[PDB]
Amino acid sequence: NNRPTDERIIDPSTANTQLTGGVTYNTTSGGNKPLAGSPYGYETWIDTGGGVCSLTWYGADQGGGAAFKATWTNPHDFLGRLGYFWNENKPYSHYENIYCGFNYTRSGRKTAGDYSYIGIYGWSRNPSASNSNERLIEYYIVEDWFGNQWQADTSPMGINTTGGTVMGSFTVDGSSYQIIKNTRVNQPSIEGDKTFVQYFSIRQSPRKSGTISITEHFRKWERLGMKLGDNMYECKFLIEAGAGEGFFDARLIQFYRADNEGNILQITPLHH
């Protein structure tokens, strides 16, 4: 495929202004919820015995259309995410070449507990895998995190946070990424409490703005034998906070998809 060059793609380096207004959600959504006048959906996982969490969608007409803010205090593993919701029995390759331009501010080191994640997230199903562990996949492309008491938020996380096994590395979008596979044994999932696998790409140089060539990660995992199967659930921008008290505030989250010749198939938002 050829890199898209369409003028509607917002240069991430330019998206430096605080967005305003927005619609805020303070409770668990119970899965994907569509957003009004948008191709995207949000999800919130906010445990009631935890403290106050929020996701604020900045709307259809600013910040690339998928931009959001989130806050947490004493979360018990808060996830706020927004982007593509699919879950229509189609493989990731059906959605062609997927990209996400982003630019955010966030709170600093140790404001999100012992573990946290910022980047791209979703699930995929592989009913064809012979090993039942491999039939459901939770995935992360980790651009950034909040560090902890042991490592700076400027150092990449590793297996001490993720669990599991380093499979290898590759370079895309200006950094090396370390690829990790983990098995979650009898744990909560989009299919109920069961055993499933997680795939991670960890960005070795954490960053708060740039473009993610998402499809490249999918191609790389599969190439290493980490198969995603033929039914992708979603592909969303995520902030996950294990604990602490902090914030995430995007000026830009813009998903787009292009064919192999670089023609835009989908972009948000919708002159003389």
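Just count from 1 along the sequence shown to find any residue number.
- Unmodelled deposited residues between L270 and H271: 4 to 9, per the record.
- Of the two segments, 24 to 32 and 218 to 226, the one listed with the higher mean B-factor is 218 to 226 (C-alpha atoms only).
- When the mean C-alpha temperature factors of 192 to 200 and 142 to 150 are read from the deposited coordinates, 142 to 150 comes out higher.
- Note on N186, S93, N87, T71: the highest value goes to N186, judged by CA B factor as recorded.
- Per the PDB record, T165 has a higher Cα B-factor than any other of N103, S124, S107, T165.
- Among the modelled residues of its chain, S116 has a C-alpha B-factor that falls in the lowest third according to the deposited record.
- Among the modelled residues of the chain, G244 sits in the middle third by CA temperature factor in this PDB entry.
- Ranked by Cα temperature factor within the chain, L79 sits in the lowest third according to the deposited record.
- Among all modelled residues in its chain, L136 ranks in the lowest third by Cα B-factor.
- Annotation for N231: CA B-factor lies in the lowest third of the chain's modelled residues.
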